[PDB]
Each structure stands twice: as C-alpha cells, then as structure tokens.
Amino acid sequence: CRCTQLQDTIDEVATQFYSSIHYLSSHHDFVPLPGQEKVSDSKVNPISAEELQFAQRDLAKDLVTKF
Amino acid sequence: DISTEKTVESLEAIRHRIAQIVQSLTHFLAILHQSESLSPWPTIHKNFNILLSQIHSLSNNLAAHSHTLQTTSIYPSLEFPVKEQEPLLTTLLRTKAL
Amino acid sequence: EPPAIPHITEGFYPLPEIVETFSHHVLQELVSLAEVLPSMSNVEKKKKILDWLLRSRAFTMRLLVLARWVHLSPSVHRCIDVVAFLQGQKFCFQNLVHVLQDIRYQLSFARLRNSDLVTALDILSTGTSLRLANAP
Amino acid sequence: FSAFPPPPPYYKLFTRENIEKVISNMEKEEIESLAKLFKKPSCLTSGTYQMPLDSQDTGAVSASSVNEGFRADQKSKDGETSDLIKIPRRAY
Amino acid sequence: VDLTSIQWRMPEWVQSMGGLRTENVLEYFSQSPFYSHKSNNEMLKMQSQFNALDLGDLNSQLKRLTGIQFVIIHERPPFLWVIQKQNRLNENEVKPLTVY
Amino acid sequence: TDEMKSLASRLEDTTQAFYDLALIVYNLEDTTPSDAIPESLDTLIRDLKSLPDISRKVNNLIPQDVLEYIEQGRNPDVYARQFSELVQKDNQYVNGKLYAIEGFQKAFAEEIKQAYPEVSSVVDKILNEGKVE
Amino acid sequence: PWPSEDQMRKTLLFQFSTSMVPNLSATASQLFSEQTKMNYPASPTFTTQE
Amino acid sequence: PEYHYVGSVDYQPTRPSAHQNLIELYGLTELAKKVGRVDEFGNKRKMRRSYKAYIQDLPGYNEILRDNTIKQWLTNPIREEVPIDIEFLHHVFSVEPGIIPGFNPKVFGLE
Amino acid sequence: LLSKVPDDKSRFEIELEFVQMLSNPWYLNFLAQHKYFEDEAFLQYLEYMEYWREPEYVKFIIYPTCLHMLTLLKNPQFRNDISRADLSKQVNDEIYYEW
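Protein chains in written order, with my numbering: chain A, 1 to 67; chain B, 68 to 165; chain C, 166 to 301; chain D, 302 to 393; chain E, 394 to 493; chain F, 494 to 626; chain G, 627 to 676; chain H, 677 to 787; chain I, 788 to 886.
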C-alpha cells in the first residue's frame, strides 16, 4: 500500500521532469535582442510573456511540492 | 479502350448469371423454411440439381472470359469516395478465401 | 576572434566543377550531333543545329545566373553554418526530452509491485475464480 | 482481416486409434514409444526466458550507490548531521 | 507471402511525418511490402541526398526512366489515394503490372 | 571577384556566340560569306575552352538547393533571403528557449530555497559553477 | 490482459508452424505484414522540431 | 556532508551563445542589407520569383525552362576532355540557305 | 500418417504459449470459425493441456484466464457460441471489466 504509492510518486517525479521541460520548449520563446521580434506564427504558437513566467513559477511549485 | 468494353460486356454476362443463381438460392431457402420439419428428400435433391446447373454455367463463363478477367483489376475511386470512409468497401472487395 | 563553429562541407558543388562538366557535356553533344548531321537532310541538318544552339544557350544562361549570384556565396554559406549550429541546439533540447522519457520507461521496468496473492491462490485451484463469478 | 497462428501440428496427429494403440502398449507392459514420449509433459527446471528465472538486479543495469543489511529482530538508526537528523537509517 | 489477402498500414509512420500527403502517400507506399526496393523511384531517392525537389520533375523523370515505377493513378486529398505498379519499357507507353 | 568578373564576362561572351551563330544560320543567303559562319563556330568552341580554366580560377561553392532553384528557374536571391531571414528567426527562437529554461531554473531554486533552506549554499554554488571565469 | 498480438506473431509456435508451412500461407501472411547526423545545409524553411 | 553527483563536472558555457546577435557576430548584416524584405531606408525590396532579373539583360526572347540535366551532369561527370576536329565540323556545318518549316523566330525576339 | 517431428523442450515452451493463446477470446473465436472444434484430436489435445494446471507447471503460466477459458470450453454449446461474434465481444468485455 504505502510502498507502492511512494514508488508511484517518484515515477510521477520523473514524468514531471520531462513533461516540464517539454512544455517550456513547446511554448513561446522569441526574444528580439537589438532587432524586432518576428515569428512563424503558425509553427510558433506563442504564449504571453506573463503567461510564460507564471507557468514556469507554477511548474517549479508543483515539482517542489512533489519532492 | 476496346479491351475495356470487351471486359464490360464480359462482366455483364457474369453479372446476369450470378443474378440468376441468387434467385435460385433464395427460392431454395424459402422452400426450406416453408415447413417446420425438414423438407422431403426428392424436392431438396431436385433443388441441389438446379443449383448445380447454375454454378456450372457460371464456371463456364469465368473460364471463357478468364483471360480478360485476370488482366482487369478493380480499385474503388471517384464517386465511392463519398462513402469511402467505410470499411464496407474492404469487406465487399475482399478476396480472402472462406 | 569570432567563435569557432562547425563548417559545413557537403551539400555544395564547387562552381569550377559545374562549369567544367557543363563545358564538357556541351562539347560532347556537339561532337555527337556532328555525326548524325552528314546523314541528315539539309533542312533537317539546319533544324537540329538550331535546336541544339538554343538548348545549349539556355544552359549557358543558367550558368550566367549562377556566376552573378556567386558573390553572395560566402555570406550565404556563413548563414548555413550558423543555422547548422542553432539547429544543433534545438536537437539538444529534444534529444534530452527523449532520454528523460526513456529513463522513465526503464523506471517502470524496475519497480516491483506487491503480489496479487488472491489470483495466485485461485490459480492454485486452477481456475480464475474471479473471472467466473463476476461474469454472466 | 485479423489472424493468429494455428496450434501445433501434433494436435492434428491425435486419434483415438493411436490412443488405443498406446493403451495396448500399456497392456503389453518404436512408434508406440514415440507416442508416449509425445504424451509425457517433461517440465523444465531452469535457464530459459524468452518468447528471467529470477527478478532483475540493480547492479546488473548500472552502478549501485549503496549497500546494506539488517539483523534478525534488530534495526539500525543513527544520528548524523546534514540538518542534524536522528532517524532510521534506510529511510535517511 | 501472399500479398493480396493482407491489409497493411503504419499509423506510427503517418504520425511521425504528420498528415497524409501526395508525396507522403508515395513514401508510405515505400514502407509497405507492396513497394519493391529495386524500384525506379527508389533508385531516384538514392541519387539525391537531402535536397528539395518538385513533383512535375517526379513524373517527367519517371517517364525519362525505363523500368518498374509506382505512380499516383487517382488522388483524393482527404482520405484515399490510388497507386499502380506500372512498368514502362519506353516512354509514353506503360503496361500496368499491379494496382494498389 | 575580378576572377568572377572575368568568368561571367566569358559566359556572356558565350551566350552571345550561341545567339550570333543561330542568327547566322537562320538568315542564310548567298551574299553571306561562307568564311563568316565557321568563324562564328570557331569563336564558340574557343569560348567553351576558355570556360574551364577561368572556372578553375574562381573556386566558390554553390549550395545544392541553389542549383535546384536555378534549375527550376527560381531566383537564387530568394534563397539568400530565406537563409538570412532564417538566421535571425532561429536566433531569436533558440535564445528565448535558453531564457525560458533560465527562468524555470531560477524559480525552481527559489522554491527549493524556501522549501529546503538548509541547502541554499548548495544551490547558489550550482548557479555559480555554470558560468565562465 | 492476455497474449500480446505481436508476441503471438513472435511466438515459437508460429515460427515453428511457418517453418513447416510455406511462407505462401494466407492467414500467416496477414500476421506477417502486421509485424541521425548531417553536415548538409538545413532547409531554408524554419522548422520547430516535434 | 556533501550530496553525490552534484557539481561533479565543471563546464564552461557554450562557445557561441544564442543570446548574442549572431547576424552581427558573423557579419551577415551586409547580406541582410542586400537581400532583406526591407531596405535600410525602409522601402520594400521587390524580388522576382523567377530569375528574370538576369535574363532581362540578355538579347532574345528567353523562356524559363526546368531541366535537371546539369545535376545529372554532376552525378555522372565526364572525363577531362573531348576530341575536336575543326575541319570535319566546318564541313558538317555548311548548310543550304533554304527555309525551315514550323520554326518561328520569336525566340530571337529581335522585334 | 506422417511421422511426428516434435522437440521435447520446444513443445513445452510451445504448449505454455498455446495455453496463453487460449486466454485470448478473439483467438477462440477465430479457432471456432476455422472449425478446429470439429476435430476430436483437438479435444484430446485440450485434455493434454490439463497438465498445465499442475503447480510446478502452472507456476510458469503467465495469463491466468486460459485456465478458466479451458474449463469454459469443455461445454460444446460454448464452442459454437464463441463462433458467434456477439458472445465473443461479451467475453472480451467481461475480462476488460474485471481488468
């Protein structure tokens, strides 16, 4: 009972590792530098800058709670 | 296109033959169902015979147009594509032996 | 200095090779047409000479376009190399994700779960008592 | 459209004739001996797993960071300092 | 191996590339036991290594070539495509050996 | 480029030699001196000899896809455009991916810090070990 | 729940069977069918890998 | 008092960094000036889809054709030279002035 | 009457796998369609499969269902109804639910 569930939780952690990184890579990243931002809007599928920060903060919180 | 129309009349003939044998098989089925006890051997035997005559005629047609029927090949397209979503096609054109 | 970066060597035809094979093929085609010609009608001689002249001129033009575009070759090549690098960085991200999935798979392969003794005891008596009682 | 492998050819071999020939063999006590060799169930003890005999080993897959063992009717717990823990040893 | 009774597909391949295309229909075909690796389309694929191409080029080079070729007979974008294993010894005349 | 200029000069010379000879043979009349049409053919062959040596002088490399573009009649300047454009595009793309993980790490480290303060020294040492001297 | 179809494909009974059977058989044929790095210039279309 | 595998390997950052503006770094900005969609003044850059811009200079009506033969001339490149007998070709190329049917001089595009 | 050509070890690997096949209901359905239940030899071979219920032997079997399946198949009316597609789906669904 207990032992199997904890086993499930560490499995849950690994899944969270790659899930998290993948989510972040998937969603908008364009950073202009000097120049002006420009996108391949279709392939990009951007997300809001604030949406980004909030989502990565959320992801950190979830992972630390898992630990 | 001449080969195509020759194959057309050929497969028309086989269509007619198979039509007639469907009618004879359905008739047989009806006579079977007609009486709750199984039917008398004379009559069923008679019907086996007519069935034989039908299938013999069919085999003759197929061997006569055997060359033109094994050169031609069947694929569905164009207008079936409206109903193409269905596996009915695969079941209808399947040539797996029983 | 500008930072080292892989230089991309394949996918590229040296302009000198292109012009060389083009010269040599056009000349072969001339030699080849020069034998069929004495066996042909005069009107046909002319018709074939004409056709070759114009086809070969179209090819020469393709090479003229090439020659003019050449001056952008090093710039473009530099691009190609940069893109190569950046692609490699993306490949890095993806590749990591795949490795993480793979080790998660090995993870499910390594855990062990507490035995279903119930089913085992039922199978002592050679039936799956569960699947029978349950099922209508 | 979907299909699966047919069972062994020797299923097709069975007849109650050859069965009766092997009970006649039993009554007496080549072909018959081959039949009974065919009828025995010779189980196997060890060594073959594919389509292991014991569960998988962690040292077998990669390097193992620690080893331990606990005595019969005794457990180990000690006090070492990371956040100054005083708790059971496996769990730590 | 009897090739006619059987029904084949690789949804894993389709998802890997993505959607079902003209060219992806011919690649899909390339994965199938129906395709033959001695094919003329395979010889072409071997000759060009990671470069763009064009489709009109594909038919025009199919005729230029002599031997066993797999072409699209009819094409319907949403669901179904039609391929045939035609053999042309010379250009402009082809003997269809199989349909697919 | 002086060599490139000599090459495209000889190329244009050549396409004009073709044009001239095709004209000469299309408009053929007794008045035309016979010595004038083999002279044109001469100029042509000797052009096609000059082409390999000069070619050997240039020495740039053409991308395959460029050759393909020229083949299909497409403008090679379009290729150059697509690649510079792509350099910028992928630049921003990658850069921002690295930033996205950056913020992800910083969030994770702060959350660890409040959650597991005893190892704060460790995590700071972790950020410091990634950087250059 | 029960034996994997592909495991059925690979089972030693089938391989034994099809050893004795010619590969020409029709239901075995249905089961049978069911069973990098580049220096080259990248494509000038932008690609997000998937 | 130290966790395992933590800081086991030191690494310097990647040599080129994405965060750097690579267009400047590798000197492609002059290229972008020369080929970009937008002029450095802000006006738009028109680029034919075809290479007509270079056929525009040359005499004659010139159609744009698609022929992959030069690729093939590169897959099967030929040996170093071909034999050439000027006298034979001179002889072969003397042609009678008579007309040629079915051929128009539109390709010449003189007028 | 071809001479038997079996292998000792191989046929217990095989008989294990065959029992497993018997666990699958769709395999039973195909089996019935192919009228393998018409043959008495088959049914004697089924009783030979009874050796697989023995403890040392059953210790090897992977899918328990087959055992149950086997006792289920001892009724012939059941055989003709696993020829049926509807009942087949009923059986598959019944496992799926237990699972």
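We treat Cβ as the ideally placed atom computed from N, Cα and C, and that holds for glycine.
1) On a CA-only basis, which of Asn867(I), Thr858(I), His855(I), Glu825(I) is nearest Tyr312(D)? Give me that one, please.
2) Are the beta-carbon atoms of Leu215(C) and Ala515(F) separated by less than 8 Å?
3) Closest to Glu757(H) by C-alpha separation, out of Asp513(F), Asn621(F), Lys542(F), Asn552(F), would be which residue?
4) Under 7 Å: does the beta carbon of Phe601(F) sit that close to some heavy atom of the ligand HEM?
5) Between the beta-carbon of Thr491(E) and the beta-carbon of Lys478(E), is there less than 8 Å?
6) Can you find a C-beta in chain F that's less than 8 Å from the C-beta of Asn452(E)?
7) Note down, in chain order, every chain A residue with its Cβ under 7 Å from the Cβ of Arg243(C).
8) I'd like the list of long-range same chain contacts for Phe597(F), defined as Cβ closer than 8 Å, with 5 residues on each side in sequence excluded.
9) For the alpha helix (DSSP H) that contains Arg317(D), what are its first and last residues?
10) When DSSP labels each residue in this structure, what does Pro526(F) get in the three-state scheme?
11) So what's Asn480(E) in DSSP terms, helix, strand or just coil?
12) Excluding the 5 residues flanking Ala602(F) on each side, which residues of the same chain have their C-beta closer than 6 Å to its C-beta?
13) For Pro793(I), decide whether its Cβ has a neighbour in chain D, counting only Cβ atoms nearer than 8 Å.
14) Since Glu532(F) sits in a beta bridge, which residues does DSSP pair it with?
15) Please report how far the alpha carbon of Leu159(B) lies from the alpha carbon of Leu854(I), in whole angstroms.
16) Cβ of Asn697(H) less than 8 Å from any chain A Cβ?
17) From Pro692(H), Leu707(H), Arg742(H), pick the residue whose C-alpha is nearest to that of residue 435(F); which is it?
18) Distance, Cα to Cα, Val771(H) vs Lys212(C)?
19) Please list the terminal residues of the continuous beta strand (DSSP E) segment that includes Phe597(F).
20) Taking the C-alpha atoms as reference points, what is the distance between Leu750(H) and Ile183(C)?
21) Answer with buried or exposed for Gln440(E), where buried requires no fewer than 16 other C-beta atoms within 10 angstroms of its C-beta.
22) With respect to the beta strand (DSSP E) encompassing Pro489(E), which residues constitute its N-terminal and C-terminal limits?
23) Please state if the CB of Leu504(F) and the CB of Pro179(C) are separated by a distance shorter than 8 Å.
24) Spatial neighbours of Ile699(H) within its chain, please: C-beta separation below 8 Å, excluding the five flanking residues on both sides.
25) Along chain F, in chain order, which residues have C-beta atoms closer than 9 Å to that of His236(C)?
26) Could you name the residues of the same chain whose beta carbon sits closer than 6 Å to that of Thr644(G), not counting the 5 residues immediately before and after it, in chain order?
27) Whose Cβ in chain I lies nearer than 8 Å to the Cβ of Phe642(G)?
28) Compare the Cα-Cα distances from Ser290(C) to each of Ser797(I), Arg840(I), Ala828(I) and report the closest residue.
29) Taking Cβ positions, are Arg742(H) and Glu561(F) nearer each other than 8 Å?
30) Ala131(B) to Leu860(I), Cα distance in whole Å?
31) Mind checking whether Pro203(C) and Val768(H) have CB atoms under 8 Å apart?
32) Got a sec? Which residues, its chain only, sit under 7 Å from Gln5(A) by beta carbon, not counting five neighbours each side?
33) Given a cut-off of 8 Å on the beta-carbon distance, is the pair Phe640(G) and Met634(G) in contact?
34) Could you give the DSSP three-state label for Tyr687(H): helix, strand or coil?
35) Taking Cβ positions only, does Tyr311(D) come closer than 8 Å to chain I?
36) Taking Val464(E) as part of the beta strand (DSSP E), name the residues at either end of that continuous run.
In brief:
1) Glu825(I)
2) yes
3) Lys542(F)
4) The ligand HEM is not part of the structure shown, which contains no ligands of any sort.
5) yes
6) no
7) The contacting residues do not exist; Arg243(C) stays about 18 Å from chain A at best.
8) none
9) 317-329
10) coil
11) strand
12) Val616
13) yes
14) Partner(s): none; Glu532(F) has no beta bridge.
15) 38 Å
16) yes
17) Since the displayed chain F opens at 494 and closes at 626, residue 435(F) lies outside it and no answer follows.
18) 11 Å
19) Looking at the DSSP string, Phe597(F) is not in any beta strand (DSSP E); the run it does join, the alpha helix (DSSP H), is 569-608.
20) 7 Å
21) exposed
22) 486-492
23) no
24) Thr705, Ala708
25) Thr494, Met497, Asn553
26) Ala654
27) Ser797, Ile801
28) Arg840(I)
29) no
30) 48 Å
31) yes
32) none
33) yes
34) coil
35) yes
36) 460-468
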